[PDB]
Amino acid sequence: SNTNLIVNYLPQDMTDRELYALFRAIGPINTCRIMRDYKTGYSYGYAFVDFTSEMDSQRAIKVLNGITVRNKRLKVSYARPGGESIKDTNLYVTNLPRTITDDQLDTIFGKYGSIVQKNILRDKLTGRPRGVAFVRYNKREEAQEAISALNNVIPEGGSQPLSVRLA
RNA sequence: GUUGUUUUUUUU
């Protein structure tokens with residue numbers, strides 16, 4: 001947790017030119033990479049921004065986090081050290097009680113490790129949960145643990161066995 | 001009974 005940031009939810013048509021102007025506005029930028037699939041060069045939808053000062057980095061988070069750019073809302077946060085340990089940490093859960101909430105998810109899945117991002121898919125019309133959700137842990141061991149502890153078991157408040165697998 | 005994130009969080 002220092003100067004390196006990971007920018008998420010970037011519109012596909014965002015150029016390095018844009019990333020720069022946007023983040024440069026906070027303080028001097030060391031580097032700005034958009035991360036796109038080699039060959040086709042299509043944005044993986046995220047980027048890293050290495051500021052020069054730990055202070056500038058922090059402030060970027062405070063100001064740019066959540067700002068809307070065209071169709072998306074950016075999500076700026078400190079990058080976690082890479083590695084094999086961050087691998088296979090995204091979970092695809094289904095058969096979740098339809099009365100589920102972000103706080104229950106936290107209770108159920110938060111004991112096995114530290115959640116980095118979670119999303120309860122909701123019906124666009126009703127706004128009610130569809131029973132699906134994506135939970136992304138910090139370490140690869142937490143997801144594995146989460147999986148074996150919750151797969152095929154009935155969650156509290158529900159009458160149906162959860163389904164937890166790697167996305 | 002096949003629900004899939006603001007499709008895409010580790011350097012593409």
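Throughout, protein chains are lettered first and strands after them, A, B, ... in sequence-line order, and every chain is numbered starting at 1. What's counted below: heavy atoms across the whole structure, side chains too, no hydrogens, waters or symmetry copies.
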Taking atom types as they are modelled, would you say the side chain of A/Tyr46 forms a donor-acceptor pair with the base of B/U10 within the 3.5 Å cutoff?
no
Separation of atom CZ in A/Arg136 from atom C1' in B/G4, rounded to whole Å:
14 Å
Round to a whole Å and report the spacing from CG of A/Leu96 to P of B/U5.
16 Å
Classify the sugar of B/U8 as north or south, using the sign of the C1'-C2'-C3'-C4' torsion: positive means north, negative means south.
north
Please work out which residues in residues 111-128 of chain A have a non-hydrogen atom less than 4.0 Å from an atom of RNA chain B and list them by number.
A/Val116, A/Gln117, A/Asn119, A/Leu121
Start with the C-alpha gap between A/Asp50 and A/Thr3, add the side-chain angles, then the distance that decides, and say whether side chain to side chain donor-acceptor pair (under 3.5 Å) holds.
CA-CA 6 Å; A/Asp50 206 348; A/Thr3 62; 2.8 Å; yes
Quiz question: going by heavy-atom distance under 3.5 Å, is there a donor-acceptor pair between the base of B/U10 and the side chain of A/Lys87?
no
Give a yes or no on this: more than 12 heavy atoms of other residues, nucleotides or ligands lie within 6.0 Å of atom CZ of A/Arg70.
yes
Here's a test of your reading of the structure: between A/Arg165 and A/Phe48, which maps to the more 5' nucleotide of RNA chain B?
A/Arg165
Is A/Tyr92 stacked on the base of B/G4 when the test is centres under 5.5 angstrom and planes under 30 degrees?
yes
Tell me every residue that passes side chain to side chain contact (heavy atoms under 4.5 Å, CB included) with A/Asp16, counting only those two or more places apart in sequence or in another chain.
A/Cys32
With heavy atoms under 4.0 Å as the rule, sort A/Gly41 into base, sugar-phosphate or nothing.
nothing
A/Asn71 has an atom CG; how far is it from atom P of B/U8, in whole Å?
12 Å
ring-ring contact (aromatic ring centres under 6.0 Å, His included) evaluation trace for A/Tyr112 with A/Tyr137:
CA-CA 9 Å; A/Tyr112 303 115; A/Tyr137 285 95; 7.6 Å; no
